[PDB]
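Here is the structure we will look at.
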Amino acid sequence: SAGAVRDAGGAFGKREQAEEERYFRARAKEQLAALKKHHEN
Amino acid sequence: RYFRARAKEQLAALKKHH
Amino acid sequence: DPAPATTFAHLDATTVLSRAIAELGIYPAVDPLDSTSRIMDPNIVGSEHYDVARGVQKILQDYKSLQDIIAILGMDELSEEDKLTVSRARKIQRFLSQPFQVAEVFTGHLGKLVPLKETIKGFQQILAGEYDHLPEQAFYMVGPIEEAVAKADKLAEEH
Amino acid sequence: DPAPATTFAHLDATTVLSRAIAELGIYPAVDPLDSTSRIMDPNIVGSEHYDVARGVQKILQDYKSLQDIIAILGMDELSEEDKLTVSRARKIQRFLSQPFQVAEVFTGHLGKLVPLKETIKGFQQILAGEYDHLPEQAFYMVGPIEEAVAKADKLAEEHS
Amino acid sequence: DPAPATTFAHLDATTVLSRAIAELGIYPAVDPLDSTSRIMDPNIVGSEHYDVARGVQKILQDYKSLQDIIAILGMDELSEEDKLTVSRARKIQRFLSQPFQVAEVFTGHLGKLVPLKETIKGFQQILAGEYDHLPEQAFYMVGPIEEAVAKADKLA
Amino acid sequence: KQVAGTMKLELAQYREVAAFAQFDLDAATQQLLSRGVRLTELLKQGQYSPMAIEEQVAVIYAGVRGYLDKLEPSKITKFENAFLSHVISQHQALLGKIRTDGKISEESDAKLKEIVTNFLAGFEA
Amino acid sequence: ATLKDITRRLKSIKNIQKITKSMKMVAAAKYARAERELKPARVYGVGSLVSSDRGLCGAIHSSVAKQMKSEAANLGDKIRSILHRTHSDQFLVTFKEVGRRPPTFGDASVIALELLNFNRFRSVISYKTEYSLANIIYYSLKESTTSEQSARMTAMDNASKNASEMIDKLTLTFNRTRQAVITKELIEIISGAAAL
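Top to bottom, those sequences are chains A, B, C, D, E, F and G. Quick note: to get the UniProt record's numbering, add 35 to the position in the first sequence (first position is 1). Quick note: to get the UniProt record's numbering, add 56 to the position in the second sequence (first position is 1). Quick note: to get the UniProt record's numbering, add 368 to the position in the third sequence (first position is 1). Quick note: to get the UniProt record's numbering, add 368 to the position in the fourth sequence (first position is 1). Quick note: to get the UniProt record's numbering, add 368 to the position in the fifth sequence (first position is 1). If you count by the UniProt record's numbering, then the sixth sequence holds residues 427 to 449, 452 to 553, one letter each, in order. If you count by the UniProt record's numbering, then the seventh sequence holds residues 26 to 74, 96 to 121, 134 to 175, 187 to 198, 231 to 297, one letter each, in order.
Following this line, the structure appears as structure tokens:
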């Protein structure tokens, strides 16, 4: 079935959630800068 | 596919011979 | 287990709470892909309610299939179509969360109570893709969709 | 599991039927590799039987390895030595197929009862490379090795 | 199992012998992430003994966590920080192995009796990174750290 | 059995190439992914609304012969309702032959070919 | 280990096996495309006279980094992450989105214009390292792609095969534990009945 990797909670699951959280921590900083420039200008 | 073509080639050989 | 398994037949509506969802910080930790109801029908609650509700369950189910691929590849390697699916799904996961009035001492935030039409409209706009520019943190633990935009302003000022 | 494990002690052989073999039009659909026997031994069934059987057993295993390489890499980039063992293997697996007397009514083709001596010398000649000049379809659904040559002869006349 | 499980309470020190460790060749096959003791405490043995002991158990735990990633993807997909963690762990695993006096008849190698003070110094040097340049098999079946370096010099 | 026999083969071919489309290839494999996902949309069906055998063959005939290929995957559910309403309303004579004969005859196939092609032409009105 | 942990783990590695198995075929398709386009590029490159973002490619990035760092003693987007923390100062320019699609002459020309203002493919298993400047860079990218694609194919093949090896072990462990739970839970019931 689907989503079996994260359900197991092993090395691949923890590295997967860490990868997602890293990516969206970067995109969060980019988008907050977009809101800064849109608010000011 | 390759051996399917080889079947036709060998069949032409035995066509000319026999 | 026999005890809960037998009880499922006696219920019209079910709310299956998950520990995996609870440990992420999502409260209430209700499983969106393991909670059903008899009244969930286009004739009973309208087609706009049904399509949006099923639309949330579709993207959340597809999100699980991509998570398996993300484990090996990573977010950066994925296509723009797949990145968009995960971006919207993670926001929908967090927009499902809500601070209760009974659990003010636990959370710290003030309790909320979202109307029916406000709930339906909130997820409808996120699936349509009207808040792709906003961050996912703004949707976590909020009332209606209005407070998600209002929280995005506070986070923008701090950053 | 206890049920099969207990039963397996008493078994002298096995005959595994496969859909994969049936989907290639090969009846009977017996998997040549997965099917095994206790009496497959030089001391029990003679030296000639064991050598020819192991030759067919080996070339089909090698064919399966080389069949993968075609899917991964491509048609060529294979040593001429391998393309010969692939060609002979496809003739062998077709010569394993056989029409039955039981199926005469619904199929139409006559059944065959191949003796033990004809069976061994049939595959033995294919491994040695005596019928390499013949095509693949000549060995499809025939009894002894003589009909495989006679079937190849009914092409060339009424060819194409 | 009930019988061994109940026995754990009646013991000051435990020594768990793993089959997986024995089958690799590491004798005695004592599991370092399972065997425990009550006297293992900085107040009794000392802070140097304790800190080095937990340093060995830390890097072996970190090595065990990455086994899933190494098996599927490989060592090449790990970062440079991880590569060093794996390399030292394998050397620490092998340095735990020791030739026995009673096993002289079976194996053929001469038995070794390592003193207490020299045991701590051996693993401490490996953790700090004083023998990264040496190979792994040099640490396999030796007494003190001196003989491990001597065995590496023999190889060329 | 005529139209379903082809669907079973094409869905089997799609199932092999399932995880490929999730994350450029040749034109042969592109056709399998095209048919596969579009035939899967036809298997979807609303509750409390069973279809007749004559109505079922029509919606499968359209998908399996390749009339949905150029159409977008999102509009397959929409196309089915529009197509099903069209044939039931204005083509009861064709559905009558399928029930009576129990088979897509030489004439019925040519007739059904005309109905799908003309309807597909002016779909997105 | 309990039966539930074996089930969740068995499902996990089955998916990772199925994902890596598909990537072997995807890498093979891109490799097959890369080999055909390299044939005229060898005539185009030799007659006249770096890596990629995508990881999971055996030892392409480490081989280039070793030979690149070797020239320090003499004197895509991945190459920087391997360097950077060792040599941030000698960086001039950087590119990205490389090794996703096959590099055409148009996209390869973008490197030549901005510059003014590699692993050679031996075999599938083994591999080792104004207008004239546009040719040398075009020859390096095409050879590096075919070497990187073949390594992905091999790396994903080993990943799927190693995953299959673990599934076989877990399948047997699952079946042993499956029988043990059936036998144990039955003995609880028989003991309960006997006590009455």
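Ideal placement from N, C-alpha and C gives every residue a C-beta, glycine not left out.
Handout entry: Within chain G, the residues that residue 39 of chain A reaches when beta carbons sit closer than 8 angstroms
Key = By Cβ distance, chain G contributes 33, 36, 37, 39, 40.
Handout entry: Near the ligand MN: residue 411 of chain C beta-carbon under 8 angstroms from a heavy atom
Key = The model on display carries no ligand, and the ligand MN is accordingly not part of it.
Handout entry: Sheet register partners of residue 196 of chain G (DSSP bridge)
Key = G:190, per the DSSP bridge assignment.
Problem - Whole-angstrom distance between residue 50 of chain A and residue 253 of chain G, CA atom to CA atom - result: Near 21 angstroms, if we compare the C-alpha coordinates of residue 50 of chain A and residue 253 of chain G.
Handout entry: In DSSP terms, what residue 405 of chain C is bridged to
Key = DSSP lists C:381 as partners of residue 405 of chain C.
Practice task
Determine the contact status of residue 460 of chain C and residue 54 of chain A, defining contact as a CB-CB distance below 9 angstroms.
Solution key: Cβ distance not < 9 angstroms, so residue 460 of chain C and residue 54 of chain A don't count as in contact.
Practice task
Starting from the beta carbon of residue 69 of chain A, find every residue of chain I whose beta carbon is closer than 8 angstroms, and list them in chain order.
Solution key: Of the protein chains in the structure, A, B, C, D, E, F and G, none is chain I.
Problem - DSSP bridge partner residues for residue 398 of chain E (one or two, in chain order) - result: Secondary-structure assignment with DSSP links residue 398 of chain E through a beta bridge to E:385.
Problem - Residue closest to residue 60 of chain A, alpha-carbon to alpha-carbon, out of C:377, C:450, C:502, C:376 - result: Closest option to residue 60 of chain A, Cα to Cα, is C:502.
Problem - Proximity test, Cβ basis, 9 angstroms: residue 47 of chain G and chain F - result: Interface with chain F (9 angstroms Cβ-Cβ cutoff): residue 47 of chain G is included.
Problem - chain A contact for residue 509 of chain C (CB, 9 angstroms cutoff) - result: Closer than 9 angstroms: no.
Practice task
Measure the alpha-carbon distance for residue 416 of chain E versus residue 505 of chain C and round it to whole angstroms.
Solution key: Linking residue 416 of chain E to residue 505 of chain C through their CA atoms gives a straight-line distance of about 45 angstroms.
Handout entry: Residue-chain proximity (residue 408 of chain D, chain B), Cβ-Cβ < 9 angstroms
Key = Not one chain B Cβ lies under 9 angstroms of residue 408 of chain D.
Handout entry: Endpoints, the alpha helix (DSSP H) within which residue 518 of chain F is located
Key = Looking at the DSSP string, the run of the alpha helix (DSSP H) that includes residue 518 of chain F is 504 to 518.
Practice task
With 8 angstroms as the limit, tell me which residues of the stretch 429 to 457 of chain E have their beta carbon closer than that to any beta carbon of chain G; keep them in chain order.
Solution key: Residues of the stretch 429 to 457 of chain E that bring their beta carbon within less than 8 angstroms of a beta carbon in chain G comprise 439, 440, 441, 442, 444, 445, in sequence order.
Exercise for the section: Would you identify the three-state DSSP class for residue 453 of chain F, choosing helix, strand or coil? Expected result: Coil, per DSSP.
Practice task
Provide the residue span of the alpha helix (DSSP H) that contains residue 417 of chain D, from first to last.
Solution key: Segment 415 to 440, the alpha helix (DSSP H) holding residue 417 of chain D.
Handout entry: residue 435 of chain E versus residue 400 of chain E - alpha carbon distance
Key = Residue 435 of chain E and residue 400 of chain E have their alpha carbons spaced roughly 16 angstroms apart.
Exercise for the section: Could you tell me whether the Cβ atoms of residue 465 of chain E and residue 508 of chain E are closer together than 9 angstroms? Expected result: Yes, they are a contact pair.
Exercise for the section: Let me know the secondary structure DSSP gives residue 37 of chain G once reduced to three states. Expected result: Three-state result, residue 37 of chain G: helix.
Practice task
Flag this pair as yes or no: are the beta carbons of residue 403 of chain E and residue 375 of chain E separated by less than 9 angstroms?
Solution key: No; because the gap between Cβ atoms is not below 9 angstroms, this pair is not in contact.
Handout entry: Separation of residue 67 of chain A from residue 431 of chain F, as counted between CA atoms
Key = Spanning the two alpha carbons is a distance of roughly 55 angstroms.
Handout entry: Alpha carbon of residue 35 of chain G to alpha carbon of residue 386 of chain C, nearest angstrom
Key = Between the C-alpha atoms of residue 35 of chain G and residue 386 of chain C there is a straight-line separation of about 21 angstroms.
Practice task
Ignore the nearest five residues each way along the sequence and tell me which others in residue 250 of chain G's own chain have a CB closer than 7 angstroms to its CB.
Solution key: Within the same chain, and ignoring the five residues on either side of residue 250 of chain G in sequence, the residues whose Cβ sits closer than 7 angstroms to its Cβ are 52, 55, 56, 59.
Practice task
Kindly say whether residue 102 of chain G, judged by its beta-carbon, lies nearer than 9 angstroms to any beta-carbon of chain C.
Solution key: Chain C, which has a Cβ nearer than 9 angstroms to the Cβ of residue 102 of chain G, makes this yes.
Handout entry: chain B contacts from the stretch 513 to 525 of chain D (Cβ-Cβ distance under 9 angstroms)
Key = Contacts with chain B (Cβ-Cβ distance below 9 angstroms) from the stretch 513 to 525 of chain D involve 520, 521, 523, 524, 525, listed in chain order.
Practice task
May I ask which residues mark the beginning and end of the alpha helix (DSSP H) holding residue 456 of chain D?
Solution key: Run containing residue 456 of chain D: 448 to 463, per the alpha helix (DSSP H) assignment.
Handout entry: When D:480, D:472, D:406 are compared against residue 463 of chain D, the one with the closest alpha-carbon
Key = The candidate whose alpha carbon is nearest that of residue 463 of chain D is D:480.
Practice task
Spatial neighbours of residue 453 of chain D within its chain, please: CB distance less than 8 angstroms, with the 5 preceding and 5 following residues excluded, ordered by chain position.
Solution key: The residues are 427, 430, 431, 434.
Practice task
Within its chain, find whatever has a CB closer than 8 angstroms to the CB of residue 197 of chain G; leave out the 5 residues flanking it on each side and keep chain order.
Solution key: Here the set comprises 109, 188, 189, 191.
Exercise for the section: Just mark residue 467 of chain D as buried or exposed, buried being the case when its beta carbon has 16 or more other beta carbons within 10 Å. Expected result: Counting every other CB atom within 10 Å of its CB across the protein chains shown gives residue 467 of chain D a total of 16 or more, marking it as buried.
Practice task
Kindly list the residues whose CB is nearer than 6 angstroms to the CB of residue 418 of chain C, restricted to its own chain and excluding five residues on each side of it in sequence; keep chain order.
Solution key: 410.
Practice task
Return the chain-ordered list of same chain residues with a C-beta closer than 6 angstroms to the C-beta of residue 475 of chain C, the five sequence neighbours on each side being excluded.
Solution key: Taken in chain order, the residues that qualify are 467.
Exercise for the section: Return helix, strand or coil for residue 374 of chain D, following the three-state DSSP convention. Expected result: Annotated three-state conformation of residue 374 of chain D is helix, per DSSP.
Handout entry: Whole-angstrom distance between residue 65 of chain G and residue 450 of chain E, CA atom to CA atom
Key = Looking at the two C-alpha atoms, the distance is approximately 42 angstroms.
Exercise for the section: Check whether the Cβ atoms of residue 491 of chain C and residue 413 of chain C lie closer than 9 angstroms to each other. Expected result: With respect to residue 413 of chain C, residue 491 of chain C sits apart: the two C-beta atoms are not nearer than 9 angstroms.
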